[PDB]
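Peer 1: File coords_33.txt below, compact mmCIF, N, CA and C atoms and all ligand atoms:
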# COMPACT_ATOMS: atom_id res chain seq x y z
N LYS L 672 -1.66 8.41 1.67
CA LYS L 672 -2.42 7.17 1.48
C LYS L 672 -2.32 6.66 0.03
N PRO L 673 -2.87 7.38 -0.98
CA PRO L 673 -2.84 6.75 -2.31
C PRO L 673 -1.55 7.00 -3.09
N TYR L 674 -0.42 7.05 -2.40
CA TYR L 674 0.86 7.26 -3.07
C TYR L 674 1.95 6.79 -2.14
N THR L 675 3.14 6.58 -2.67
CA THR L 675 4.32 6.44 -1.82
C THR L 675 5.34 7.46 -2.27
N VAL L 676 6.08 7.99 -1.31
CA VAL L 676 7.21 8.88 -1.56
C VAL L 676 8.35 8.35 -0.70
N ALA L 677 9.54 8.24 -1.28
CA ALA L 677 10.71 7.81 -0.53
C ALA L 677 11.96 8.41 -1.13
N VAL L 678 12.96 8.63 -0.29
CA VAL L 678 14.26 9.11 -0.71
C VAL L 678 15.34 8.13 -0.28
N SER L 679 16.25 7.82 -1.20
CA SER L 679 17.41 7.00 -0.90
C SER L 679 18.60 7.56 -1.67
N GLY L 680 19.57 8.10 -0.95
CA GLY L 680 20.65 8.82 -1.59
C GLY L 680 20.11 10.16 -2.07
N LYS L 681 20.33 10.45 -3.35
CA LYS L 681 19.80 11.67 -3.94
C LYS L 681 18.57 11.36 -4.78
N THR L 682 18.05 10.14 -4.64
CA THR L 682 16.96 9.72 -5.51
C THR L 682 15.61 9.81 -4.83
N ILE L 683 14.71 10.59 -5.42
CA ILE L 683 13.35 10.68 -4.91
C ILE L 683 12.46 9.79 -5.75
N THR L 684 11.84 8.79 -5.13
CA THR L 684 10.95 7.89 -5.87
C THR L 684 9.51 8.08 -5.44
N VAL L 685 8.65 8.29 -6.43
CA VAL L 685 7.25 8.61 -6.18
C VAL L 685 6.37 7.67 -6.98
N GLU L 686 5.38 7.08 -6.33
CA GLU L 686 4.47 6.17 -7.02
C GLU L 686 3.04 6.52 -6.66
N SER L 687 2.21 6.79 -7.67
CA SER L 687 0.79 7.04 -7.44
C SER L 687 -0.02 6.84 -8.72
N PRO L 688 -0.61 5.65 -8.87
CA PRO L 688 -1.38 5.28 -10.06
C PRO L 688 -2.51 6.27 -10.34
N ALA L 689 -2.63 6.73 -11.59
CA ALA L 689 -3.65 7.69 -12.00
C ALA L 689 -3.54 9.00 -11.24
N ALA L 690 -2.31 9.47 -11.05
CA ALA L 690 -2.08 10.77 -10.42
C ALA L 690 -1.04 11.53 -11.23
N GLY L 691 -1.16 12.86 -11.20
CA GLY L 691 -0.16 13.73 -11.79
C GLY L 691 0.83 14.07 -10.69
N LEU L 692 2.11 13.88 -10.95
CA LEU L 692 3.12 14.11 -9.91
C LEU L 692 3.96 15.31 -10.27
N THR L 693 4.35 16.11 -9.28
CA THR L 693 5.21 17.26 -9.53
C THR L 693 6.24 17.38 -8.42
N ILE L 694 7.47 17.70 -8.78
CA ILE L 694 8.45 18.03 -7.75
C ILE L 694 8.86 19.49 -7.91
N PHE L 695 8.79 20.23 -6.81
CA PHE L 695 9.20 21.63 -6.80
C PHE L 695 10.46 21.78 -5.99
N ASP L 696 11.41 22.58 -6.47
CA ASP L 696 12.61 22.86 -5.69
C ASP L 696 12.32 24.05 -4.76
N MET L 697 13.33 24.48 -4.00
CA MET L 697 13.15 25.54 -3.00
C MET L 697 12.82 26.92 -3.58
N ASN L 698 13.15 27.13 -4.85
CA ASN L 698 12.77 28.36 -5.54
C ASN L 698 11.35 28.27 -6.13
N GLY L 699 10.65 27.19 -5.82
CA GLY L 699 9.29 27.02 -6.31
C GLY L 699 9.26 26.58 -7.77
N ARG L 700 10.42 26.26 -8.34
CA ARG L 700 10.52 25.78 -9.72
C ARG L 700 10.04 24.35 -9.88
N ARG L 701 9.21 24.10 -10.89
CA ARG L 701 8.85 22.74 -11.28
C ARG L 701 10.06 22.03 -11.88
N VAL L 702 10.67 21.10 -11.16
CA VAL L 702 11.89 20.48 -11.69
C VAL L 702 11.57 19.17 -12.43
N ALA L 703 10.41 18.60 -12.15
CA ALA L 703 9.97 17.39 -12.86
C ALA L 703 8.48 17.20 -12.69
N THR L 704 7.86 16.56 -13.69
CA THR L 704 6.47 16.12 -13.60
C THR L 704 6.35 14.79 -14.31
N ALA L 705 5.39 13.99 -13.87
CA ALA L 705 5.12 12.72 -14.52
C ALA L 705 3.76 12.21 -14.08
N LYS L 706 3.13 11.41 -14.92
CA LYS L 706 1.95 10.70 -14.48
C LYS L 706 2.39 9.41 -13.82
N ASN L 707 1.68 9.01 -12.77
CA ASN L 707 1.78 7.66 -12.17
C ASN L 707 3.04 7.33 -11.37
N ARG L 708 4.22 7.63 -11.90
CA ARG L 708 5.43 7.32 -11.15
C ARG L 708 6.59 8.17 -11.64
N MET L 709 7.59 8.33 -10.78
CA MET L 709 8.72 9.18 -11.08
C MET L 709 9.95 8.74 -10.31
N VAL L 710 11.09 8.71 -10.98
CA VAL L 710 12.38 8.54 -10.30
C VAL L 710 13.24 9.77 -10.56
N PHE L 711 13.33 10.64 -9.56
CA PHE L 711 14.01 11.92 -9.70
C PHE L 711 15.36 11.94 -9.00
N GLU L 712 16.40 12.28 -9.76
CA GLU L 712 17.73 12.47 -9.20
C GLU L 712 17.87 13.92 -8.75
N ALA L 713 17.90 14.12 -7.44
CA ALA L 713 17.90 15.46 -6.88
C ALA L 713 19.30 15.91 -6.48
N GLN L 714 19.43 17.19 -6.16
CA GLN L 714 20.62 17.69 -5.51
C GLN L 714 20.27 17.96 -4.05
N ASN L 715 21.28 18.22 -3.23
CA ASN L 715 21.04 18.51 -1.82
C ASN L 715 20.07 19.67 -1.64
N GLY L 716 19.12 19.51 -0.74
CA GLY L 716 18.17 20.56 -0.49
C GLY L 716 16.79 20.01 -0.20
N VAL L 717 15.84 20.93 -0.03
CA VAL L 717 14.50 20.58 0.36
C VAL L 717 13.61 20.63 -0.89
N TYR L 718 12.76 19.62 -1.05
CA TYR L 718 11.86 19.55 -2.19
C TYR L 718 10.43 19.37 -1.74
N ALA L 719 9.51 19.83 -2.58
CA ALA L 719 8.10 19.58 -2.36
C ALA L 719 7.62 18.62 -3.44
N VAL L 720 7.04 17.50 -2.99
CA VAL L 720 6.47 16.52 -3.89
C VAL L 720 4.96 16.68 -3.87
N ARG L 721 4.38 16.92 -5.04
CA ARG L 721 2.94 17.13 -5.14
C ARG L 721 2.29 15.94 -5.83
N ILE L 722 1.24 15.40 -5.23
CA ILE L 722 0.53 14.29 -5.85
C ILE L 722 -0.89 14.74 -6.10
N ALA L 723 -1.26 14.89 -7.36
CA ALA L 723 -2.62 15.30 -7.68
C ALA L 723 -3.37 14.12 -8.24
N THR L 724 -4.24 13.52 -7.44
CA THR L 724 -4.97 12.35 -7.90
C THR L 724 -6.10 12.79 -8.82
N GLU L 725 -6.44 11.93 -9.78
CA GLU L 725 -7.25 12.34 -10.92
C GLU L 725 -8.75 12.30 -10.65
N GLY L 726 -9.17 11.54 -9.64
CA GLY L 726 -10.54 11.60 -9.18
C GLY L 726 -11.56 10.96 -10.11
N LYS L 727 -11.11 9.98 -10.89
CA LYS L 727 -11.98 9.27 -11.81
C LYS L 727 -12.78 8.19 -11.07
N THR L 728 -13.84 7.71 -11.71
CA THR L 728 -14.57 6.56 -11.20
C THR L 728 -14.36 5.38 -12.13
N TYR L 729 -14.14 4.21 -11.55
CA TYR L 729 -13.92 3.00 -12.33
C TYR L 729 -14.95 1.95 -11.98
N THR L 730 -15.27 1.08 -12.93
CA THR L 730 -16.17 -0.04 -12.68
C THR L 730 -15.53 -1.33 -13.17
N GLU L 731 -15.62 -2.37 -12.35
CA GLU L 731 -15.13 -3.69 -12.71
C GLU L 731 -16.26 -4.69 -12.56
N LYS L 732 -16.38 -5.59 -13.52
CA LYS L 732 -17.35 -6.67 -13.41
C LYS L 732 -16.68 -7.87 -12.75
N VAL L 733 -17.31 -8.38 -11.69
CA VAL L 733 -16.80 -9.57 -11.02
C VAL L 733 -17.84 -10.68 -11.06
N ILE L 734 -17.39 -11.89 -11.37
CA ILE L 734 -18.28 -13.04 -11.36
C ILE L 734 -17.93 -13.97 -10.21
N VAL L 735 -18.92 -14.25 -9.37
CA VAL L 735 -18.77 -15.21 -8.30
C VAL L 735 -19.45 -16.51 -8.70
N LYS L 736 -18.67 -17.58 -8.75
CA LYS L 736 -19.20 -18.90 -9.10
C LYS L 736 -19.28 -19.80 -7.87
N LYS Q 672 -6.20 0.58 -12.31
CA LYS Q 672 -4.85 1.02 -11.97
C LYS Q 672 -4.75 1.54 -10.52
N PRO Q 673 -5.55 2.55 -10.11
CA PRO Q 673 -5.37 2.92 -8.70
C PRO Q 673 -6.19 2.04 -7.74
N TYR Q 674 -6.40 0.78 -8.11
CA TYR Q 674 -7.13 -0.13 -7.24
C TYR Q 674 -6.76 -1.54 -7.61
N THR Q 675 -7.10 -2.48 -6.74
CA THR Q 675 -7.09 -3.89 -7.10
C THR Q 675 -8.46 -4.46 -6.76
N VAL Q 676 -8.92 -5.36 -7.60
CA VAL Q 676 -10.17 -6.08 -7.41
C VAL Q 676 -9.88 -7.54 -7.68
N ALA Q 677 -10.28 -8.43 -6.78
CA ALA Q 677 -10.04 -9.85 -6.95
C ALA Q 677 -11.14 -10.65 -6.29
N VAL Q 678 -11.57 -11.72 -6.95
CA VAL Q 678 -12.51 -12.66 -6.36
C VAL Q 678 -11.78 -13.95 -6.03
N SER Q 679 -11.96 -14.44 -4.81
CA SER Q 679 -11.39 -15.72 -4.41
C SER Q 679 -12.44 -16.50 -3.65
N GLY Q 680 -12.92 -17.58 -4.26
CA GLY Q 680 -14.06 -18.27 -3.71
C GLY Q 680 -15.25 -17.34 -3.82
N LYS Q 681 -16.00 -17.20 -2.74
CA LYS Q 681 -17.14 -16.29 -2.75
C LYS Q 681 -16.73 -14.91 -2.21
N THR Q 682 -15.43 -14.68 -2.10
CA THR Q 682 -14.99 -13.43 -1.49
C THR Q 682 -14.47 -12.45 -2.52
N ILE Q 683 -15.04 -11.24 -2.49
CA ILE Q 683 -14.58 -10.16 -3.35
C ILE Q 683 -13.75 -9.20 -2.51
N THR Q 684 -12.48 -9.04 -2.87
CA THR Q 684 -11.60 -8.15 -2.12
C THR Q 684 -11.23 -6.95 -2.97
N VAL Q 685 -11.45 -5.76 -2.41
CA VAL Q 685 -11.22 -4.52 -3.13
C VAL Q 685 -10.30 -3.61 -2.33
N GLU Q 686 -9.30 -3.05 -2.99
CA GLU Q 686 -8.36 -2.19 -2.31
C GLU Q 686 -8.10 -0.96 -3.16
N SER Q 687 -8.30 0.23 -2.59
CA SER Q 687 -8.00 1.49 -3.28
C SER Q 687 -7.92 2.66 -2.29
N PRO Q 688 -6.69 3.02 -1.89
CA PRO Q 688 -6.52 4.06 -0.86
C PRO Q 688 -7.13 5.40 -1.28
N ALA Q 689 -7.84 6.05 -0.36
CA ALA Q 689 -8.51 7.34 -0.58
C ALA Q 689 -9.65 7.27 -1.59
N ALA Q 690 -10.34 6.14 -1.67
CA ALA Q 690 -11.43 6.01 -2.63
C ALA Q 690 -12.68 5.51 -1.94
N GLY Q 691 -13.83 5.86 -2.51
CA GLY Q 691 -15.11 5.31 -2.09
C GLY Q 691 -15.42 4.08 -2.91
N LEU Q 692 -15.65 2.95 -2.25
CA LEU Q 692 -15.91 1.70 -2.97
C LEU Q 692 -17.37 1.33 -2.83
N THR Q 693 -17.96 0.81 -3.91
CA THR Q 693 -19.34 0.34 -3.89
C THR Q 693 -19.43 -0.99 -4.62
N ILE Q 694 -20.24 -1.91 -4.10
CA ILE Q 694 -20.57 -3.12 -4.84
C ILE Q 694 -22.06 -3.16 -5.10
N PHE Q 695 -22.42 -3.35 -6.37
CA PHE Q 695 -23.82 -3.45 -6.78
C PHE Q 695 -24.12 -4.88 -7.18
N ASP Q 696 -25.30 -5.39 -6.83
CA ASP Q 696 -25.68 -6.71 -7.30
C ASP Q 696 -26.40 -6.54 -8.64
N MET Q 697 -26.86 -7.65 -9.21
CA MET Q 697 -27.47 -7.67 -10.53
C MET Q 697 -28.78 -6.88 -10.63
N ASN Q 698 -29.44 -6.65 -9.50
CA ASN Q 698 -30.64 -5.82 -9.46
C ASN Q 698 -30.34 -4.32 -9.31
N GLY Q 699 -29.06 -3.97 -9.31
CA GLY Q 699 -28.65 -2.58 -9.16
C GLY Q 699 -28.67 -2.11 -7.70
N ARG Q 700 -28.82 -3.04 -6.75
CA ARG Q 700 -28.82 -2.69 -5.32
C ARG Q 700 -27.42 -2.53 -4.76
N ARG Q 701 -27.22 -1.51 -3.93
CA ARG Q 701 -25.98 -1.35 -3.18
C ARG Q 701 -25.91 -2.39 -2.07
N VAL Q 702 -25.01 -3.36 -2.20
CA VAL Q 702 -24.96 -4.42 -1.20
C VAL Q 702 -23.86 -4.12 -0.19
N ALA Q 703 -22.93 -3.25 -0.57
CA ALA Q 703 -21.84 -2.83 0.32
C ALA Q 703 -21.16 -1.58 -0.19
N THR Q 704 -20.66 -0.77 0.74
CA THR Q 704 -19.85 0.40 0.45
C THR Q 704 -18.80 0.52 1.55
N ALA Q 705 -17.65 1.09 1.21
CA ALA Q 705 -16.60 1.30 2.20
C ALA Q 705 -15.57 2.30 1.69
N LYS Q 706 -14.88 2.96 2.61
CA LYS Q 706 -13.70 3.74 2.27
C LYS Q 706 -12.49 2.83 2.19
N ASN Q 707 -11.67 3.03 1.16
CA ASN Q 707 -10.29 2.52 1.08
C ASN Q 707 -10.11 1.03 0.81
N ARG Q 708 -10.96 0.18 1.38
CA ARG Q 708 -10.83 -1.26 1.14
C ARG Q 708 -12.03 -2.01 1.67
N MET Q 709 -12.32 -3.15 1.04
CA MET Q 709 -13.35 -4.02 1.58
C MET Q 709 -13.12 -5.47 1.25
N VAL Q 710 -13.68 -6.31 2.11
CA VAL Q 710 -13.69 -7.75 1.91
C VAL Q 710 -15.15 -8.18 1.94
N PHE Q 711 -15.73 -8.40 0.76
CA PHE Q 711 -17.16 -8.72 0.66
C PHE Q 711 -17.45 -10.19 0.38
N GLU Q 712 -18.36 -10.76 1.16
CA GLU Q 712 -18.85 -12.13 0.95
C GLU Q 712 -20.09 -12.15 0.07
N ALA Q 713 -19.94 -12.71 -1.13
CA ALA Q 713 -20.98 -12.64 -2.14
C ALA Q 713 -21.71 -13.96 -2.29
N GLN Q 714 -22.90 -13.91 -2.89
CA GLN Q 714 -23.55 -15.12 -3.37
C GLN Q 714 -23.24 -15.28 -4.87
N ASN Q 715 -23.46 -16.48 -5.40
CA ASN Q 715 -23.21 -16.73 -6.82
C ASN Q 715 -23.91 -15.67 -7.67
N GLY Q 716 -23.22 -15.20 -8.70
CA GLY Q 716 -23.79 -14.19 -9.57
C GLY Q 716 -22.81 -13.11 -10.00
N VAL Q 717 -23.35 -12.09 -10.65
CA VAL Q 717 -22.56 -11.04 -11.26
C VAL Q 717 -22.64 -9.77 -10.41
N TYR Q 718 -21.49 -9.16 -10.13
CA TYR Q 718 -21.45 -7.95 -9.34
C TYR Q 718 -20.73 -6.84 -10.08
N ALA Q 719 -21.16 -5.61 -9.80
CA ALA Q 719 -20.48 -4.44 -10.31
C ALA Q 719 -19.73 -3.76 -9.18
N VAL Q 720 -18.41 -3.68 -9.33
CA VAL Q 720 -17.57 -3.02 -8.34
C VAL Q 720 -17.22 -1.64 -8.84
N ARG Q 721 -17.59 -0.63 -8.06
CA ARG Q 721 -17.38 0.75 -8.46
C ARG Q 721 -16.33 1.37 -7.54
N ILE Q 722 -15.34 2.03 -8.15
CA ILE Q 722 -14.28 2.67 -7.38
C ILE Q 722 -14.25 4.15 -7.70
N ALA Q 723 -14.67 4.97 -6.74
CA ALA Q 723 -14.71 6.42 -6.95
C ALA Q 723 -13.54 7.05 -6.23
N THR Q 724 -12.48 7.38 -6.95
CA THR Q 724 -11.33 8.00 -6.30
C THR Q 724 -11.64 9.46 -5.98
N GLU Q 725 -11.02 9.96 -4.91
CA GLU Q 725 -11.43 11.21 -4.28
C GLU Q 725 -10.85 12.46 -4.95
N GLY Q 726 -9.79 12.31 -5.73
CA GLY Q 726 -9.29 13.41 -6.54
C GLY Q 726 -8.64 14.55 -5.78
N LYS Q 727 -8.06 14.25 -4.62
CA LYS Q 727 -7.42 15.27 -3.80
C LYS Q 727 -5.98 15.51 -4.23
N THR Q 728 -5.41 16.59 -3.72
CA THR Q 728 -4.01 16.87 -3.95
C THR Q 728 -3.25 16.79 -2.64
N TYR Q 729 -2.11 16.12 -2.68
CA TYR Q 729 -1.27 15.92 -1.51
C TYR Q 729 0.12 16.50 -1.74
N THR Q 730 0.78 16.93 -0.67
CA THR Q 730 2.15 17.41 -0.76
C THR Q 730 2.99 16.82 0.37
N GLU Q 731 4.16 16.30 0.03
CA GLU Q 731 5.10 15.77 1.01
C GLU Q 731 6.39 16.58 0.97
N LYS Q 732 6.96 16.85 2.14
CA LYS Q 732 8.27 17.48 2.18
C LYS Q 732 9.35 16.41 2.16
N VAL Q 733 10.31 16.59 1.27
CA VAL Q 733 11.41 15.66 1.12
C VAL Q 733 12.75 16.39 1.28
N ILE Q 734 13.66 15.79 2.03
CA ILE Q 734 14.99 16.35 2.21
C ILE Q 734 16.04 15.42 1.60
N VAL Q 735 16.85 15.98 0.69
CA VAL Q 735 17.97 15.27 0.10
C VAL Q 735 19.28 15.78 0.69
N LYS Q 736 20.12 14.87 1.19
CA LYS Q 736 21.43 15.25 1.72
C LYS Q 736 22.39 14.08 1.68
CA CA C 1 -24.98 6.09 -5.67
ZN ZN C 2 8.44 26.57 -13.58
ZN ZN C 3 14.84 30.77 -15.65
ZN ZN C 4 1.59 24.14 -11.90
ZN ZN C 5 -7.54 12.47 -18.88
Here is the file; what I need is its structure written in the form of structure tokens.
Ligand SMILES: [Ca+2]
Ligand SMILES: [Zn+2]
Ligand SMILES: [Zn+2]
Ligand SMILES: [Zn+2]
Ligand SMILES: [Zn+2]

Peer 2:
Amino acid sequence: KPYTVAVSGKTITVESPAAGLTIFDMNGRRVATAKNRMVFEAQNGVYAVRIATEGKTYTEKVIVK
Amino acid sequence: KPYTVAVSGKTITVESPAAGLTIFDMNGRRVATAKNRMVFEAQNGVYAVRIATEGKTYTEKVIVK
């Protein structure tokens, strides 16, 4: 839900605002991390994409006229 | 960042996947709450939009070939 993950070619693209992102390879190795978004060039194989959302609270002021 | 908030006419539209949304009026009253998104019809005045993201961790399996 609060992220997108997609693969095209060898490219894994991950988008998740205010989230810590991690990609693990099959050996459980952290091959990349980034906040918010990532474009990872992978090799053939299976990967685990981890999205850790930060769980903050935000407030916005809105004026209705 | 992990949400959008916009007022158009008397309509307040809020979008934030996996989040608890709240709108408070000027008296501090909860006038609406929803998961993930809402379309609120307001009266003239000032509103506080609160976005409480859930802070969960997600994992997706990705295959590169
Ligand atoms: Ca409350
Ligand atoms: Zn490691
Ligand atoms: Zn090593
Ligand atoms: Zn770790
Ligand atoms: Zn921080």

Peer 1: Select the residues contacting ligand ZN 2 (chain C) at a distance of at most 6 Å, based on only N, CA and C atoms and all ligand atoms, then format the selection as a PyMOL selection string.

Peer 2: chain L and resi 699-701

Peer 1: Pull out every residue of chain L sitting within 6 Å of chain Q, counting all atoms listed in the file, and send them as a PyMOL selection string.

Peer 2: chain L and resi 672-673+680-681+688-689+714-736

Peer 1: Is it possible to get the superposed chain Q, fitted on chain L over all Cα pairs by sequence order, as a short mmCIF file (atom, residue, chain, number, x, y, z; two decimals) with N, CA and C atoms, keeping the file's coordinate frame?

Peer 2:
data_model
loop_
_atom_site.label_atom_id
_atom_site.label_comp_id
_atom_site.auth_asym_id
_atom_site.auth_seq_id
_atom_site.Cartn_x
_atom_site.Cartn_y
_atom_site.Cartn_z
N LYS Q 672 -1.42 8.36 1.50
CA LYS Q 672 -2.14 7.09 1.40
C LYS Q 672 -2.24 6.58 -0.05
N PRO Q 673 -2.80 7.37 -1.00
CA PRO Q 673 -2.81 6.77 -2.34
C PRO Q 673 -1.49 7.00 -3.10
N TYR Q 674 -0.38 7.07 -2.38
CA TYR Q 674 0.91 7.24 -3.02
C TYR Q 674 1.98 6.76 -2.08
N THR Q 675 3.18 6.57 -2.61
CA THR Q 675 4.36 6.41 -1.78
C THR Q 675 5.40 7.42 -2.25
N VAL Q 676 6.13 7.97 -1.30
CA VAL Q 676 7.22 8.90 -1.55
C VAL Q 676 8.39 8.44 -0.70
N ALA Q 677 9.57 8.30 -1.29
CA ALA Q 677 10.74 7.86 -0.56
C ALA Q 677 11.99 8.47 -1.16
N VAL Q 678 12.91 8.89 -0.31
CA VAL Q 678 14.22 9.35 -0.75
C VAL Q 678 15.26 8.30 -0.38
N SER Q 679 16.10 7.93 -1.34
CA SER Q 679 17.20 7.02 -1.08
C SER Q 679 18.44 7.54 -1.76
N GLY Q 680 19.41 7.99 -0.96
CA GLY Q 680 20.54 8.69 -1.51
C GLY Q 680 20.02 10.00 -2.07
N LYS Q 681 20.42 10.32 -3.29
CA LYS Q 681 19.94 11.55 -3.92
C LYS Q 681 18.71 11.25 -4.79
N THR Q 682 18.13 10.08 -4.61
CA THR Q 682 17.02 9.70 -5.49
C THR Q 682 15.69 9.79 -4.78
N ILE Q 683 14.77 10.54 -5.40
CA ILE Q 683 13.41 10.65 -4.90
C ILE Q 683 12.51 9.78 -5.77
N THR Q 684 11.87 8.78 -5.16
CA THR Q 684 11.00 7.89 -5.91
C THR Q 684 9.56 8.09 -5.49
N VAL Q 685 8.70 8.33 -6.47
CA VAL Q 685 7.30 8.62 -6.22
C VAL Q 685 6.41 7.68 -7.01
N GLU Q 686 5.41 7.12 -6.35
CA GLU Q 686 4.52 6.18 -7.01
C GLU Q 686 3.09 6.50 -6.63
N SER Q 687 2.22 6.71 -7.62
CA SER Q 687 0.79 6.94 -7.38
C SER Q 687 -0.03 6.74 -8.66
N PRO Q 688 -0.62 5.55 -8.81
CA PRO Q 688 -1.34 5.23 -10.06
C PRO Q 688 -2.49 6.20 -10.33
N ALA Q 689 -2.61 6.65 -11.58
CA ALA Q 689 -3.64 7.59 -12.04
C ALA Q 689 -3.50 8.98 -11.42
N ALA Q 690 -2.28 9.41 -11.13
CA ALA Q 690 -2.09 10.73 -10.52
C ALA Q 690 -1.06 11.52 -11.30
N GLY Q 691 -1.19 12.84 -11.23
CA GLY Q 691 -0.18 13.75 -11.76
C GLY Q 691 0.81 14.08 -10.67
N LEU Q 692 2.09 13.83 -10.91
CA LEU Q 692 3.11 14.08 -9.89
C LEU Q 692 3.94 15.29 -10.28
N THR Q 693 4.30 16.11 -9.29
CA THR Q 693 5.15 17.27 -9.51
C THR Q 693 6.19 17.35 -8.40
N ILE Q 694 7.42 17.72 -8.76
CA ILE Q 694 8.42 18.04 -7.75
C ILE Q 694 8.84 19.49 -7.91
N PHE Q 695 8.78 20.23 -6.81
CA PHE Q 695 9.19 21.64 -6.79
C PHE Q 695 10.47 21.77 -6.00
N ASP Q 696 11.39 22.62 -6.45
CA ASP Q 696 12.58 22.87 -5.65
C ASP Q 696 12.28 24.04 -4.72
N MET Q 697 13.28 24.45 -3.93
CA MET Q 697 13.12 25.48 -2.91
C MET Q 697 12.77 26.86 -3.47
N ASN Q 698 13.08 27.10 -4.74
CA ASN Q 698 12.70 28.35 -5.40
C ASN Q 698 11.28 28.32 -6.00
N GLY Q 699 10.57 27.22 -5.77
CA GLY Q 699 9.22 27.07 -6.30
C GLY Q 699 9.20 26.66 -7.77
N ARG Q 700 10.35 26.27 -8.33
CA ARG Q 700 10.43 25.82 -9.73
C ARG Q 700 10.01 24.38 -9.90
N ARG Q 701 9.25 24.10 -10.96
CA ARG Q 701 8.93 22.73 -11.35
C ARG Q 701 10.16 22.06 -11.94
N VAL Q 702 10.73 21.09 -11.23
CA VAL Q 702 11.95 20.48 -11.72
C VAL Q 702 11.62 19.17 -12.43
N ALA Q 703 10.44 18.63 -12.15
CA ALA Q 703 9.97 17.40 -12.80
C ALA Q 703 8.48 17.21 -12.61
N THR Q 704 7.84 16.59 -13.60
CA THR Q 704 6.45 16.18 -13.54
C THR Q 704 6.32 14.85 -14.28
N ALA Q 705 5.35 14.04 -13.87
CA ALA Q 705 5.11 12.77 -14.54
C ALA Q 705 3.75 12.21 -14.17
N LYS Q 706 3.19 11.38 -15.04
CA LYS Q 706 2.02 10.58 -14.69
C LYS Q 706 2.46 9.33 -13.96
N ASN Q 707 1.74 8.99 -12.89
CA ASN Q 707 1.76 7.66 -12.26
C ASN Q 707 2.98 7.30 -11.43
N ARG Q 708 4.18 7.70 -11.87
CA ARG Q 708 5.38 7.38 -11.10
C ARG Q 708 6.58 8.14 -11.63
N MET Q 709 7.53 8.40 -10.73
CA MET Q 709 8.79 8.97 -11.18
C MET Q 709 9.95 8.59 -10.30
N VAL Q 710 11.13 8.63 -10.91
CA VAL Q 710 12.39 8.42 -10.22
C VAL Q 710 13.23 9.66 -10.49
N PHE Q 711 13.29 10.57 -9.51
CA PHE Q 711 13.99 11.84 -9.70
C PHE Q 711 15.34 11.92 -9.00
N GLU Q 712 16.35 12.35 -9.74
CA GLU Q 712 17.70 12.60 -9.19
C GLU Q 712 17.85 14.05 -8.73
N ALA Q 713 17.99 14.23 -7.42
CA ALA Q 713 17.96 15.56 -6.83
C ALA Q 713 19.35 16.01 -6.42
N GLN Q 714 19.50 17.32 -6.23
CA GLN Q 714 20.67 17.85 -5.54
C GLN Q 714 20.31 18.07 -4.06
N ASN Q 715 21.33 18.23 -3.21
CA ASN Q 715 21.09 18.46 -1.79
C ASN Q 715 20.10 19.61 -1.60
N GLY Q 716 19.18 19.45 -0.67
CA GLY Q 716 18.19 20.48 -0.41
C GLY Q 716 16.79 19.96 -0.15
N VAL Q 717 15.85 20.88 -0.09
CA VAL Q 717 14.48 20.59 0.29
C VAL Q 717 13.58 20.61 -0.95
N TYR Q 718 12.75 19.58 -1.10
CA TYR Q 718 11.85 19.50 -2.23
C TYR Q 718 10.42 19.33 -1.78
N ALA Q 719 9.51 19.87 -2.59
CA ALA Q 719 8.09 19.66 -2.37
C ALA Q 719 7.55 18.71 -3.42
N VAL Q 720 7.03 17.58 -2.95
CA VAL Q 720 6.45 16.58 -3.85
C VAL Q 720 4.94 16.72 -3.80
N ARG Q 721 4.35 16.98 -4.96
CA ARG Q 721 2.92 17.20 -5.05
C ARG Q 721 2.29 16.04 -5.81
N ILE Q 722 1.21 15.49 -5.23
CA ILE Q 722 0.52 14.37 -5.86
C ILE Q 722 -0.93 14.75 -6.10
N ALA Q 723 -1.28 14.95 -7.37
CA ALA Q 723 -2.65 15.35 -7.72
C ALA Q 723 -3.38 14.15 -8.27
N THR Q 724 -4.21 13.51 -7.45
CA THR Q 724 -4.95 12.35 -7.94
C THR Q 724 -6.09 12.81 -8.84
N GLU Q 725 -6.45 11.96 -9.81
CA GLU Q 725 -7.29 12.35 -10.93
C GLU Q 725 -8.79 12.31 -10.63
N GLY Q 726 -9.19 11.60 -9.59
CA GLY Q 726 -10.57 11.65 -9.13
C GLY Q 726 -11.60 11.01 -10.04
N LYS Q 727 -11.18 10.01 -10.81
CA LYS Q 727 -12.08 9.33 -11.73
C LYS Q 727 -12.86 8.22 -11.04
N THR Q 728 -13.88 7.73 -11.73
CA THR Q 728 -14.63 6.59 -11.25
C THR Q 728 -14.43 5.41 -12.18
N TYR Q 729 -14.18 4.25 -11.59
CA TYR Q 729 -13.93 3.03 -12.33
C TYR Q 729 -14.95 1.96 -11.96
N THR Q 730 -15.25 1.06 -12.89
CA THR Q 730 -16.13 -0.06 -12.61
C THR Q 730 -15.54 -1.35 -13.17
N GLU Q 731 -15.52 -2.40 -12.36
CA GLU Q 731 -15.06 -3.72 -12.79
C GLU Q 731 -16.20 -4.72 -12.69
N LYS Q 732 -16.30 -5.60 -13.68
CA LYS Q 732 -17.27 -6.69 -13.58
C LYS Q 732 -16.63 -7.88 -12.88
N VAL Q 733 -17.33 -8.40 -11.89
CA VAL Q 733 -16.86 -9.53 -11.12
C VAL Q 733 -17.90 -10.66 -11.16
N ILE Q 734 -17.42 -11.88 -11.37
CA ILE Q 734 -18.29 -13.05 -11.37
C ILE Q 734 -17.93 -13.97 -10.20
N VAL Q 735 -18.94 -14.27 -9.37
CA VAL Q 735 -18.80 -15.22 -8.28
C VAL Q 735 -19.51 -16.53 -8.64
N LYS Q 736 -18.80 -17.65 -8.52
CA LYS Q 736 -19.40 -18.96 -8.78
C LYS Q 736 -18.64 -20.06 -8.06
#

Peer 1: Could you state the separation of CA of residue 708 (chain L) and atom N of residue 705 (chain Q) in Å, given to one decimal place?

Peer 2: 26.9 Å

Peer 1: Mind giving me the straight-line distance from CA of residue 685 (chain Q) to atom N of residue 711 (chain Q) in Å, one decimal?

Peer 2: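 Interatomic distance, CA of residue 685 (chain Q) to atom N of residue 711 (chain Q): 7.1 Å.
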
Peer 1: Quick one: DSSP strand (DSSP E or B) residues in region 673-733 of chain Q, as a PyMOL selection string?

Peer 2: chain Q and resi 675-679+682-695+701-712+716-724+728-733
